[PDB]
């Protein structure tokens, strides 16, 4: 099965300039060459060039709405096409607002997909409930059917069409939710495993339930949107919104080793790596290294080892 990488060096969903240098640090760490070592074929589409929208006034409280919308509508066109040619898309970005295009474009081709959203945040604030004008906590509000017509249309997102329902997404690692967001997840009946649920069941029992929830009835493609801040700041410090008490390096890997075993991984997101926020060089390398290990695990690199087939090593 083919794998195609797509760079999304975009950072208008957040105050923090810097995340536009993420695909570059990842690529700079051997991400593309290591992928060729698996049993997959890798092609580097290359970074996208988002055309800046001038005089992009703020919509009420939301910042850079049109720049984020047009830049997203663009990832959408690229993902759908690559999905079209039966290939797995791996988007290296930028802040998490790029999940609007990455997930919608994926659903155009595979409308029966489900979403595993590993994050310390629910990123489900609507244009109204936000305390900031930051779109990095709103992507999911633009993707859910149940949330359509619940908030005024944001200039730049009329091309989006809520594709997945609150029932086709699962949250993993939550530990920082806004009163608004929590009220939404409780009202919509969204399946989630916050840090306390993970403490109770153990990552193993968790992954084993999300699969019988999403894949229980009918097997379907899986979209894996990974926000580096789902892991504790000790492993992935280079993120703009780190929160203590996160998933560990080991649990991080476990989620990706299990999602591979399903043979359903259709789309992948590695968001929020900001190389300019590592207080010291050590921190960044740490964030980039664990980010590369998560991507490799989604495509075969297991912790027990790996020996090429039809080969007798003796």
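Residue numbers count along the first chain shown, from 1.
Averaged over Cα atoms, the B-factor as recorded in the entry is higher for 9 to 17 than for the other of 9 to 17 and 295 to 303.
Averaged over CA atoms, B-factors in the entry run higher in 274 to 282 than in the other of 274 to 282 and 246 to 254. Per the deposited record, 161 carries the highest C-alpha B-factor of all listed residues (239, 161, 194, 225). Within the selection 199, 136, 119, 112, the deposited Cα B-factor values reach their highest point at 136. Among the modelled residues of its chain, residue 26 has a C-alpha B-factor that falls in the lowest third, as given in the PDB entry. Per the deposited record, the Cα B-factor of residue 61 falls in the middle third when ranked against the other modelled residues of its chain. For residue 103, the recorded CA B-factor ranks within the middle third of the chain. Only modelled residues enter the ranking. When the modelled residues of the chain are ordered by C-alpha B-factor, residue 153 sits in the highest third. The deposited CA B-factor of residue 173 belongs to the lowest third of values across its chain.
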